[PDB]
Structures are given as structure tokens and as C-alpha cells.
Amino acid sequence: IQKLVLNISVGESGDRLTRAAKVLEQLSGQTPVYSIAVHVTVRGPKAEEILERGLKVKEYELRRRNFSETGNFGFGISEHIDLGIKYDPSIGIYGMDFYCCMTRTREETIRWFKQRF
Amino acid sequence: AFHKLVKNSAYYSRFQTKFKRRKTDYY
Amino acid sequence: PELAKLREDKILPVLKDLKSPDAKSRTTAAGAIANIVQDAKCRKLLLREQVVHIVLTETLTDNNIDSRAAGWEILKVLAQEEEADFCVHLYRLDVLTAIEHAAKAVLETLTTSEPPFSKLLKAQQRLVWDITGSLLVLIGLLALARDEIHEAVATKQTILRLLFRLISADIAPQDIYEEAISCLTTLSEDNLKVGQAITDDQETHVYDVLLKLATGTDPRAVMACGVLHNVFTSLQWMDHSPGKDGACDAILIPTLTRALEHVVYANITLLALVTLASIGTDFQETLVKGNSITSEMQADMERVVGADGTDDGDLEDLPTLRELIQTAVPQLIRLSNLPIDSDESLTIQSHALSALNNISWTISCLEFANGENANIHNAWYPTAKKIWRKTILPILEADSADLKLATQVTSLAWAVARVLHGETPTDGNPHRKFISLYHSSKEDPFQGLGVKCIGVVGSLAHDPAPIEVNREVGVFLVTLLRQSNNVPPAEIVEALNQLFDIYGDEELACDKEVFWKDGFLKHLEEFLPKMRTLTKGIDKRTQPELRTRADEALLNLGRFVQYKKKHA
């Protein structure tokens, strides 16, 4: 129930990586993290915001496997623009990884999702 | 039900927009 | 006639002046002649005046470089304005030899260390560049004109060597460099000896040069990609069987995509799009031959990556496809969408369309029934959907402009539908738009739009489609059948097959709610004989494909009406 972790990976060090970073920055407001891959974790307000906003994109229809035995879940999107962020041709398009960890199981979290959203 | 077809990929093979090389004018 | 009289008055002396065994009088005269020779009507006389012969025969062998250079320009200009036959004639006099010699000479000049090239007079080297220019062009047109010529050219080793020499050294003018790059592109396309010549070149290693170029940030990277792609496919460096250093087709796709990122040079854009489309048909070949934050939290995050993942894939063996999907198709869509404002982006759209069309038709040809190719299906389905909504509605919501673009986006929609199958989104009731297009649009046999509309429409009408959607569509097909009096036979085969694919399972709601409720099986028993007549009324020899197709359709219809009874 803590953090939302958006995640990008670009095997090619370079332009395309500093651009992925820029996206995660302006989208979370936090200066992103680096790993071959960038990502950023967001807690509290912005998390529920960015979560729903891309969950929109996925038409609120998931599959049952993405949820972890630890009752967590995630999904991918390929167009970080389908969430109302414009297109900067000096940035291009990037895909994003979305991941939601719950605390206070799979069953309980699936059911939790069904109730709210 | 059930059905009979053969070599289908060949059939729809054609649809792929196909290209080969080759103009401009006015100077 | 009269026009010709005034023409000969103007022209004849110039030829006689070139003809002059005043090789310098004609350095100035021949030097004049290309300018003189640009004119359209006038040329046909010039040709008929046997210029081709003279030039070939005399001018090129002269000791003064200005002669030969004027003469090679003459030929160039000619071949450009004129038509393909012309080149084929030149090939008959084996101008190839004449060129091979010419290129040897240029090659000695560049590679020489005695004069040597760089320390040449300014206009000296300008002359060489002028000669090279014409030479390049000629090889372009000649290769293009016919196949047997394209082969004949990729056999003259000196020619290849020169093309490599230039592309590799990059010490010539950009108009010349780019011309060389093109020339190689033509020769390298669906040709093996050239594929190998470029890879197997250790003299200048033109390969590694291209790779670097198509890999980095250079403004010309795309061109490099065009050649390299032609090579990969020519010698089958693909996913199932990569080249040296895993040089698969895939590695190109990033740079191509980045060339797209900027559009919102212009030629550079079109070229990349064209490449990407070819990559589409060529991975058809791939699939054919194939068969407080850190650490283990990340490790686990790989637990959810099972879900089709944006960033990287299950597809370690098919990087080409993932790069297409992961990187290419985003931009392909955006370009397919963005405004129709000029004719330039009208073209760019028609292209981005052609590309997505290609990719999609390739994949849609695979097997996915049951769990077949699950991984591929799981990567593609999302994208196929996205394409559908993102690019197939908007153009249909516009009802805007063109006819052949309608064919484009219809063909594409067919592909996407072939995969989606009733899982395909329904908004603004598109099946009606297409049906309308079928009736309003009322060659090669199966290129006609009616076919493509039958196809996409019957595709999206599988279970679990909205039962009403299913109904209307099935109705349209059966309608076609009852009034099969003027419908092209191709569309019969497609319609038949569509219904066969939709209503072969009694366990489907539509089987009862639609097929039985509206009693299609009657109309089927009605058409069985009609089908037999039109079938026998088709020429198995001109052409056989259609005939055999209809035959199997009748069998399965014949079989299927019979089967259809089996279940009440």
C-alpha cells in the first residue's frame, strides 16, 4: 500500500535513456533513479493519481496472473502519451512499467481492486 | 465444425505493400 | 515535318563539331552538347542522328579528360530524360565495359599515392567528381531497367570496389556520396553476390563503415540502414540465424525510429518508412524458417513482467519483432494519425499506413488457434487493439477524402481483424461503415475492395461479438449470397469462408440466436447449386488459383451444409 514504481529500461546508454529519465521526472516531479534502466517511485497523492490515470488507459481490464502471491500487481503501457502527457519530439515516445504493492494476498487485493476503481 | 484450406500464407502474402526502387523535376 | 526542319537546322552542326577530329574543338563542342541535349522533342532527333554511337565510339577514349567527362554527362542526361529501353540498349553495346574501364580509372586516381589525389588541382578533382557522377547515375538506371542487367552489374568487380571506395573514404561531395549510397542500395537489394561483396570486403571494409553510420547519430544513418537491410535479407541474417555479431535485421529499427521521432531530409523520412515496411515482409521470412529502493524488489518486479511488458520482452529469440512492436509501431501510429494538412504528410500517412499494413499482415498469417504461438499473440494482441482504436477509427470517423487511402486502411483493418476476432472493439458501429463502403465502391483478381470489406467484417463478427453486431454482419454476407448474380467470384470465396469461420460451432450463442433464428441454412441449401455452376464456369488454366479456391469452398460448403443439418 506504500509505493508506485514506474520503470523504464534502455539497453542503449544514451540520448534515449536521458529522455526516459526526463519523462519520469516531469510525470512524478521527483528526480528519477538510475540502475541500463531508469525508474522512479512515488508515494501518497501523485501515486493514486498516476495509477488511476494509466489504469484508465488499460480500460480497467487486467488479467489474473499479474497479481503476485504476495497480493501485488502490475501492468505495462507502451505509449506514455495515452495518459494525457504531450509529445516532445526531442523526446519521442516511451513505454512505462506500472507497479502497485499492497499492505495494511492475491485474493484480497483482486477483491480490493474490484471494490474501488 | 471443421474445414479445408491449403497454403494460405501464399494467398494473403500478396497484400503486403511491396516496394522496389526508382523521380523529381523543376530545378 | 516542318518542326523537324527547323530542328535539324539548329542541331546538325553541333554533331558535326563533336564529330570533328578536333578533339579539343569538341572538348568545347561536346562540352556544349549536354546543354544542347537537354531538350525533349529535340533529343529524339539527336538519338535518331546516331549520337549514342558516336559518343560510345569516340568521345570516351579521348586523352583529354574534359572530352570523356562531357561525354559521360551526355549519356547521363540522355538516360535520365529518356526511357528504360534506352539503358537496355546501352547494355546491348555493353556500355558496362566502357563503365568498368571508366571506374578503374577513377579508382586509380583516388587510391593513387603518386600524384596523389588530394594534391590535385582544384578543377582537376572537380572533373573526376563530374565523371564519377555520371558513372554512378548510369549504373543506377541500368541496374533498375532489367534484372539480367542488375546481375551483369553486380558481376563487374571494379564497379563494386569503386562504390565501396567512395562510401568508405567519404572524401567526395555529399551529392556524390549520397548518390553512391543509393547506387549500392539498388544493387544490394534481393541480391546475394552484392550482399557478400559488402560483407566480405576487407579492403575498405565497407560493411563496418555502414554499420557505424546506421548505428550512430550521423544525419545519413537511415541510408546506411537501407543498404544494410537489403543485405541482411539478401543473405538471410535474421532472428533464427543472425549474422556476424548478431547483426539481425532488428538493430536497424532504433535509428529508423529516431528518424521518425523528429518529424512533426524530408526524403530521409520517407526512406526510413519504406525500409520499416520492407522489414515487415521480411520478418515473414523469419517466422517461416524459424519453425529506500533497491535490489530484489527489482528482482521480484520481474515476477509481474510475465504480463506483456512495455520495457522488455519474453521474446529473446525474436528481437526484430519486439523492436517493431516495442519501438516502431508507436511512431507508426502517431504518423498515421497526425494532420492531413499538406500533400507531403498525405504521403507520409499513406506510408506509415503501408508499414503497419505490412507488419500486421505478416503476423496475422500465423497460427494462434488454441494456445498456438501464445507469446507472439500476447505481444501482438495489445498492439493490434491499439492500432485498431488509435488509427482505424479516426480515419473512419473522418469519412474524409480519399478512395485509395480507403483501400489502405481497409486492408489494414482486415489484418487487425484477422487477429482480433470478435474481441475487436466496437464503437460507432464500424462494420456498417465498411458495408457502406462495399456498396458505394460498387485488375488482379483479389485486390478489389469488396473482398477486403467482406474479410474484415466477417472477422470482427466471430464469437464473442455483440449478438446484434454478429446478426447484422451475418445478414450482410448471406445477403451477398442470395443476390450473387453480379458479385465477383473472389468475393464469393471470401464470403463463404467468412460464414464458415463464424458459424461452425453450435456451442456459440450466435449459432442459435442468429444462424438458426434467421434460418441461414435454408439460404445455404439455396446457393449450393448456384455455387456449383459458377464454380464450373471458371477457367482452371487462366487462372487456376481462383478455381481451386472455389472448389474447396464448395466442398466445405457442400460438407458444411451437410454438417449444418447434423445439429438442429
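Residues numbered from 1 in each chain as written, not as in the entry; some residues may be left out. Chains lettered and ligands numbered in written order. Heavy atoms only, no water. Residues with missing side-chain atoms left out of burial classes, pairs and counts.

X-ray crystallography is the method the PDB entry lists for this structure, together with a resolution of 3.398 Å.

Under the PDB entry, chain C has the name SYMPORTIN 1 and belongs to Chaetomium thermophilum. For this entry, the PDB record gives the title as "Symportin 1 chaperones 5S RNP assembly during ribosome biogenesis by occupying an essential rRNA binding site". Heading Function of the UniProt record for chain C holds this comment: "Involved in ribosomal large subunit assembly." Turning to chain C, the UniProt record has this under Sequence similarities: "Belongs to the nuclear import and ribosome assembly adapter family." (UniProt positions renumbered as here; feature names shortened; annotations may be inferred.)

The name the PDB entry gives chain A is RIBOSOMAL PROTEIN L11, with Chaetomium thermophilum as the organism. In the Subunit part of its UniProt record, chain A is described as follows: "Component of a hexameric 5S RNP precursor complex, composed of 5S RNA, RRS1, RPF2, RPL5, RPL11 and SYO1; this complex acts as a precursor for ribosome assembly."

Undergrad: I'd love a proper account of the overall build of chain A, names of residues and values included.
TA: Secondary structure summary: chain A contains three helices and five strands in total. Along chain A, helices (α) and strands (β) appear in the sequence β-α-β-β-α-β-β-α when read from the amino end. For chain A, the C-alpha radius of gyration of 14 Å lies close to 13 Å, the compact-globule estimate for 117 residues. Its C-alpha atoms give chain A principal-axis dimensions of about 40 × 25 × 25 Å. (Helix = DSSP H or I, 4+ residues; strand = E, 2+ residues; numbered from the N terminus. Rg over C-alpha atoms; globule rule 2.2 N^0.38 Å.)

Undergrad: I'd like a description of the pattern of salt bridges, backed by residues and values.
TA: In this structure the tally under the stated criterion is 30 salt bridges over all chains. It is possible to trace a salt-bridge network through shared partners that takes in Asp15(A), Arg16(A), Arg19(A) and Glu261(C). (Salt bridge = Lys/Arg side-chain N within 4 Å of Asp/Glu carboxyl O.)

Undergrad: Run through the interface of chain C and chain B, naming residues and quoting values.
TA: Counting residues at the interface gives 37 residues for chain C and 19 residues for chain B. Counting the surface chain C buries against chain B, the share from its top three residues, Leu144(C), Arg549(C) and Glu552(C), is 18%. At the junction of chain C and chain B, the tally comes to two salt bridges. Linking chain C with chain B are 13 residue pairs in polar contact, by the criterion used here. Mapped by element, the contributors of at least two residues to the side of chain C that touches chain B are α8 (122-145), α11 (174-187), α16 (266-290), α19 (344-364), α21 (404-420), α25 (489-502) and α28 (544-566) of chain C. Top contributing element to the side of chain C that touches chain B by residue count: α28(C), with eight residues. (Contact = heavy atoms within 4.5 Å. Buried area = accessible area lost by both parts, 1.4 Å probe. Polar contact = N/O pair within 3.5 Å; in protein donor to acceptor, adjacent residues only side chain to side chain.)

Undergrad: How would you summarise the packing of aromatic side chains if you had to cite specific residues and measurements?
TA: Two measures describe an aromatic ring pair: the distance that separates the ring centres and the angle between the ring planes. Residue and element names in this part refer to chain C. Considering all chains together, one arrives at 22 aromatic pairs over all chains under this definition. Taking 5.8 Å as the distance between ring centres and 40° as the angle between the ring planes, the aromatic pair formed by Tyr 503 and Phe 520 counts as tilted. Linking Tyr 503 in the loop between α25 and α26 (509-516) with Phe 520 in helix α27 (residues 520-536), this pair joins segments that are 17 residues apart in sequence. In terms of burial, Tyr 503 and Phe 520 fall into one category: buried. (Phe/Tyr/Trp six-rings, centres within 6.5 Å; stacked < 30°, edge-to-face > 60°. Buried < 20%, exposed > 50% of the residue type's maximum accessible area, 1.4 Å probe, protein only.)

Undergrad: Before we move on, can you summarise the interface of chain C and chain A with the specific residues and values?
TA: Of the residues lining the interface, 26 residues belong to chain C; the matching set on chain A comes to 30 residues. For the pairing of chain C and chain A, the buried interface totals around 2,300 Å² over both sides, and the portion due to carbon and sulfur atoms is 49%. A per-residue breakdown of the area chain C buries against chain A is headed by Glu261(C), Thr310(C) and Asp311(C), which together make up 25% of the total. Applying the counting criterion to the chain C and chain A interface returns five salt bridges.

Undergrad: Lay out the packing of helix α20 (residues 374-398) of chain C against α21(C) with the relevant residues and their values.
TA: Residues and elements named next belong to chain C. Interhelical geometry of α20 versus α21 gives an angle of 150° and a closest axis separation of 10 Å. Between α20 and α21, the angle is such that the two are roughly antiparallel. Crossing angle aside, the handedness with which α20 passes α21 is left-handed. Counting all contacts with α20, which are made through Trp 380, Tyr 381, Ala 384, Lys 385, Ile 387, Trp 388, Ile 392 and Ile 395, the residues of α21 involved are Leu 405, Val 409, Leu 412, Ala 413, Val 416, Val 419 and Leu 420. (Axes fitted to C-alpha atoms, helices over the stretch in contact; angles between N-to-C directions. Parallel < 35°, antiparallel > 145°, perpendicular 65-115°, else oblique. Left-handed = near helix turned anticlockwise from the far one by under 90°.)

Undergrad: Talk me through the packing of α25(C) against α28(C); I want residue IDs and the actual numbers.
TA: All names here are of chain C. The geometry of α25 relative to α28 is characterised by a closest axis approach of 10 Å and an angle of 35° between their N-to-C directions. Both α25 and α28 take part in a crossing whose hand is left-handed. Here α25 contributes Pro 489, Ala 490, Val 493, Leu 496, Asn 497 and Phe 500 to the contact with α28, which in turn contributes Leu 546, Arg 549, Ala 550, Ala 553, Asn 556, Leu 557 and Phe 560. Of the residues that constitute the contact of α25 with α28, the class distribution is 10 nonpolar, two polar and one charged. (Nonpolar A, V, L, I, M, F, W, Y, C, P; charged D, E, K, R; others polar.)

Undergrad: Outline the UniProt feature "repeat: ARM" in chain C, listing residues and values.
TA: All names here are of chain C. UniProt feature "repeat: ARM": in the numbering of this structure it lies at residues 158-191 and 327-360. The span residues 158-191 is 76% helical and 0% strand by assignment, and the distance between its end C-alpha atoms comes to 17 Å. Across residues 327-360, helical content stands at 82% and strand content at 0%; the span's end C-alpha atoms are separated by 15 Å.

Undergrad: Before we move on, could you go through the environment of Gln284(C) and cite the residues and values that matter?
TA: Inspection of the secondary structure assignment puts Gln284(C) in helix α16. Aside from chain neighbours lying at most four places away, what touches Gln284(C) is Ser9(B) and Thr362(C).

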